[PDB]
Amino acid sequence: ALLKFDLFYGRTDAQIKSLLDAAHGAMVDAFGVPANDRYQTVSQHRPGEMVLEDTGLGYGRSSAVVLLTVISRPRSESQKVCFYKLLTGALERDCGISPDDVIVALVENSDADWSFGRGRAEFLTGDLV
């Protein structure tokens, strides 16, 4: 899977790493992938450059808000549900990020849609299952 993080400027890089590690953990556990299936990016924005509201749900948002986009092979509705709780669990406990400050949007693709190196389609050749 590919986790793309959009966050506001303010964190030190150590804070960024903690965030990335916590989220990695939650992903590995929710989706039962190897600990080294780790593909992550971070873009930092100034206050101009993100607007994130709450669709009337009564969160909660501070400048620590983390927006996460996930590109993923298919997963059961159970796995996703698990992922979100595991994710906010880890971010609160390991990073002190309120669960009010975590937004996730997820996009699915297929086995043919990944090549991890060497122009190889590893899900198709069977180098990965």
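For every residue, the number given is its place in the sequence shown, counted from 1.
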Self-check item: Between the two ranges 31 to 39 and 67 to 75, the one averaging a larger CA B factor in the entry
Solution: 31 to 39
Practice problem: Determine, from the deposited record, the chain-internal third of the Cα B-factor for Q44: lowest, middle or highest. | Solution: lowest
Quiz item: Within this chain, which third does the Cα B-factor at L57 fall in: lowest, middle or highest?
Solution: highest
Quiz item: If you rank every modelled residue in this chain by C-alpha B factor, which third holds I103: lowest, middle or highest?
Solution: lowest
Quiz item: Within this chain, which third does the Cα B-factor at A90 fall in: lowest, middle or highest?
Solution: middle
Quiz prompt | Modelled-residue ranking by C-alpha temperature factor, third containing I97 | solution = highest
